[PDB]
>>> print(open('target.txt').read())   # compact mmCIF, C-alpha atoms
# COMPACT_ATOMS: atom_id res chain seq x y z
CA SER A 1 0.00 0.00 0.00
CA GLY A 2 1.17 3.59 -0.76
CA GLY A 3 2.93 5.14 2.26
CA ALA A 4 3.82 8.84 1.93
CA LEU A 5 5.01 11.90 3.95
CA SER A 6 2.99 15.14 4.64
CA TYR A 7 3.49 18.20 2.34
CA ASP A 8 4.65 20.17 5.47
CA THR A 9 7.52 17.60 5.93
CA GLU A 10 11.08 18.99 5.65
CA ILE A 11 14.26 17.22 4.31
CA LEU A 12 17.80 17.19 5.88
CA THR A 13 20.00 18.64 3.05
CA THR A 14 23.34 20.29 2.06
CA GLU A 15 21.68 23.14 0.03
CA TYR A 16 20.03 24.91 3.06
CA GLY A 17 19.89 22.45 5.98
CA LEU A 18 16.08 22.64 5.35
CA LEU A 19 13.91 22.15 2.19
CA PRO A 20 10.17 21.11 2.10
CA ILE A 21 9.30 17.72 0.47
CA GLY A 22 6.69 19.64 -1.60
CA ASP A 23 9.49 21.56 -3.43
CA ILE A 24 11.27 18.30 -4.39
CA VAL A 25 8.16 16.81 -6.13
CA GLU A 26 6.38 19.99 -7.38
CA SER A 27 9.68 21.61 -8.61
CA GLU A 28 11.49 18.36 -9.60
CA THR A 29 15.00 19.09 -8.15
CA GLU A 30 17.92 16.71 -7.29
CA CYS A 31 19.40 18.42 -4.14
CA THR A 32 21.75 16.22 -2.00
CA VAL A 33 19.90 14.69 1.01
CA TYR A 34 21.39 12.42 3.70
CA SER A 35 21.20 8.58 3.38
CA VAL A 36 23.00 5.34 4.52
CA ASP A 37 25.37 2.99 2.59
CA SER A 38 25.17 -0.86 2.70
CA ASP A 39 28.16 -0.69 5.14
CA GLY A 40 26.07 1.53 7.51
CA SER A 41 27.98 4.79 6.78
CA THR A 42 26.23 8.20 6.48
CA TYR A 43 26.41 9.78 2.97
CA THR A 44 24.46 12.02 0.47
CA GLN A 45 22.22 11.40 -2.58
CA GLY A 46 20.74 13.82 -5.09
CA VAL A 47 17.04 12.91 -5.59
CA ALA A 48 16.09 10.64 -8.58
CA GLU A 49 12.47 9.58 -7.71
CA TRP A 50 9.40 11.81 -7.03
CA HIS A 51 5.68 10.87 -6.60
CA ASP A 52 2.26 12.19 -5.38
CA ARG A 53 -0.19 9.84 -3.52
CA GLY A 54 -2.92 12.52 -3.39
CA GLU A 55 -4.73 12.97 -0.06
CA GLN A 56 -4.25 10.52 2.87
CA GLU A 57 -5.25 10.57 6.56
CA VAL A 58 -1.92 11.43 8.24
CA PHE A 59 -0.46 10.26 11.60
CA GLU A 60 1.51 12.37 14.12
CA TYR A 61 4.44 10.67 15.92
CA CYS A 62 5.76 12.82 18.82
CA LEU A 63 9.38 12.66 20.15
CA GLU A 64 10.65 13.16 23.75
CA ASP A 65 12.23 16.37 22.31
CA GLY A 66 8.56 17.59 21.71
CA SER A 67 9.10 17.50 17.88
CA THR A 68 6.64 15.72 15.48
CA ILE A 69 6.86 13.34 12.47
CA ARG A 70 3.87 13.38 10.02
CA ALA A 71 3.41 10.32 7.74
CA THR A 72 1.33 7.16 6.99
CA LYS A 73 2.11 3.76 8.62
CA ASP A 74 2.25 2.12 5.12
CA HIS A 75 6.01 2.56 4.30
CA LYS A 76 9.00 0.85 6.03
CA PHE A 77 11.76 2.81 7.80
CA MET A 78 14.89 1.11 9.34
CA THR A 79 16.55 0.73 12.78
CA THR A 80 20.23 0.90 13.90
CA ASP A 81 20.33 -2.92 13.31
CA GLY A 82 19.77 -2.44 9.54
CA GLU A 83 16.30 -4.06 9.92
CA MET A 84 13.47 -2.53 7.80
CA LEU A 85 10.17 -1.78 9.68
CA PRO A 86 7.20 0.70 9.60
CA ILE A 87 7.29 3.86 11.79
CA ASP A 88 4.21 2.54 13.63
CA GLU A 89 6.08 -0.66 14.73
CA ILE A 90 9.29 1.29 15.63
CA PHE A 91 6.94 3.26 17.94
CA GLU A 92 5.09 0.41 19.77
CA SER A 93 8.13 -2.00 19.85
CA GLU A 94 10.18 1.10 20.98
CA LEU A 95 13.03 0.36 18.50
CA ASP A 96 16.13 2.54 17.92
CA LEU A 97 16.24 4.59 14.68
CA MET A 98 19.47 4.72 12.61
CA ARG A 99 22.03 7.56 13.33
CA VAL A 100 22.49 10.66 11.07
CA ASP A 101 24.54 13.93 10.65
CA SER A 102 22.03 15.68 13.07
CA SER A 103 21.00 15.31 16.78
CA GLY A 104 17.67 13.43 17.14
CA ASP A 105 15.68 10.86 19.11
CA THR A 106 15.86 7.11 18.39
CA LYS A 107 12.59 6.27 20.31
CA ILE A 108 9.12 7.78 19.53
CA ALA A 109 7.19 9.06 22.62
CA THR A 110 3.54 9.28 21.31
CA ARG A 111 1.04 8.41 18.44
CA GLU A 112 -2.03 10.44 17.23
CA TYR A 113 -4.24 11.08 14.10
CA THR A 114 -4.57 14.65 12.69
CA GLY A 115 -6.71 14.79 9.47
CA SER A 116 -6.31 14.24 5.69
CA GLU A 117 -4.07 16.56 3.57
CA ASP A 118 -1.56 16.62 0.60
CA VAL A 119 1.00 13.74 0.70
CA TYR A 120 4.31 13.18 -1.13
CA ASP A 121 7.26 10.71 -1.44
CA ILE A 122 10.86 10.75 -2.77
CA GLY A 123 13.78 8.31 -3.31
CA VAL A 124 16.85 7.12 -5.31
CA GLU A 125 17.54 3.89 -7.24
CA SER A 126 20.60 2.57 -5.24
CA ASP A 127 19.96 2.91 -1.44
CA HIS A 128 16.35 4.29 -1.54
CA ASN A 129 16.37 6.03 1.91
CA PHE A 130 16.19 9.77 2.92
CA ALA A 131 16.79 11.83 6.11
CA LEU A 132 14.08 14.29 7.32
CA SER A 133 14.36 17.46 9.51
CA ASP A 134 12.37 16.68 12.71
CA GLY A 135 11.75 13.20 11.22
CA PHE A 136 12.89 9.58 10.87
CA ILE A 137 15.08 8.10 8.01
CA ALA A 138 12.34 7.43 5.44
CA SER A 139 12.38 4.34 3.15
CA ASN A 140 9.87 2.63 0.78
>>> encode(input="target.txt", output="structure tokens")
Amino acid sequence: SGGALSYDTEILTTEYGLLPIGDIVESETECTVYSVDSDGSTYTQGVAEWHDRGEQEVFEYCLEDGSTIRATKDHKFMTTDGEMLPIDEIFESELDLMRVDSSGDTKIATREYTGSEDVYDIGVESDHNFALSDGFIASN
């Protein structure tokens, strides 16, 4: 099933620190975003995949830091073990998220629903994972 990120979601990038996921799909750029290698090393990828899933009922995942992730449970993220799992399972099994070139929580504190809005998703053909600002390392 089609998992996607909210249009308000923001990428972790070399061009500005911050860019909205909306700009990547609706203005078709290839700006370098953070990702992981097969050897579990942090690197960058210019975007090669962009898609619009329309309108979906979005979920809010709160961190201990008070920050919030906004996505669907339908797409699989990955832990520090290199094991691929949905954000919803990483929450209720309390699993550690993968490290990145920014300070962030590994465990999610809370889960809530928030209403339907514009949703988007992005990737690359090799490693197919992306780092978000106030968000988990997305994968599909």
>>> residues_around(input="target.txt", residues="residue 17 (chain A)", least_positions_apart="6", cutoff="10 Å", atoms="all atoms listed in the file", output="mmCIF file with C-alpha atoms, in the coordinates of the input")
data_model
loop_
_atom_site.group_PDB
_atom_site.id
_atom_site.type_symbol
_atom_site.label_atom_id
_atom_site.label_comp_id
_atom_site.auth_asym_id
_atom_site.auth_seq_id
_atom_site.Cartn_x
_atom_site.Cartn_y
_atom_site.Cartn_z
ATOM 1 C CA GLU A 10 11.080 18.990 5.650
ATOM 2 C CA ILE A 11 14.260 17.220 4.310
ATOM 3 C CA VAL A 33 19.900 14.690 1.010
ATOM 4 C CA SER A 133 14.360 17.460 9.510
#
>>> closest_residue(input="target.txt", among="A:59, A:139, A:126, A:72", to="residue 113 (chain A)", atoms="only C-alpha atoms")
A:59
>>> atom_distance(input="target.txt", atom1="CA of residue 137 (chain A)", atom2="CA of residue 75 (chain A)")
11.3 Å
>>> atom_distance(input="target.txt", atom1="CA of residue 70 (chain A)", atom2="CA of residue 128 (chain A)")
19.3 Å
>>> atom_distance(input="target.txt", atom1="CA of residue 34 (chain A)", atom2="CA of residue 115 (chain A)")
28.8 Å
>>> closest_residue(input="target.txt", among="A:40, A:46, A:2, A:104", to="residue 67 (chain A)", atoms="all atoms listed in the file")
A:104
>>> residues_around(input="target.txt", residues="residue 9 (chain A)", least_positions_apart="3", cutoff="7 Å", atoms="all atoms listed in the file", output="PyMOL selection string")
chain A and resi 5-6+20-21+70
>>> residues_around(input="target.txt", residues="residue 90 (chain A)", least_positions_apart="3", cutoff="10 Å", atoms="only C-alpha atoms", output="VMD selection string")
chain A and resid 76 to 79 84 to 87 93 to 97 106 to 108
>>> closest_residue(input="target.txt", among="A:1, A:65, A:47, A:13", to="residue 29 (chain A)", atoms="all atoms listed in the file")
A:47
>>> closest_residue(input="target.txt", among="A:35, A:56, A:42, A:27", to="residue 116 (chain A)", atoms="all atoms listed in the file")
A:56
>>> closest_residue(input="target.txt", among="A:51, A:45, A:37, A:109", to="residue 3 (chain A)", atoms="all atoms listed in the file")
A:51
>>> closest_residue(input="target.txt", among="A:110, A:140, A:80, A:103", to="residue 41 (chain A)", atoms="all atoms listed in the file")
A:80
>>> residues_around(input="target.txt", residues="residue 28 (chain A)", least_positions_apart="3", cutoff="9 Å", atoms="only C-alpha atoms", output="PyMOL selection string")
chain A and resi 23-25+47+50
>>> axis_aligned_box(input="target.txt", around="region 46-50 of chain A", padding_each_side="4 Å", output="AutoDock Vina command-line options")
--center_x 15.1 --center_y 11.7 --center_z -6.8 --size_x 19.3 --size_y 12.2 --size_z 11.5
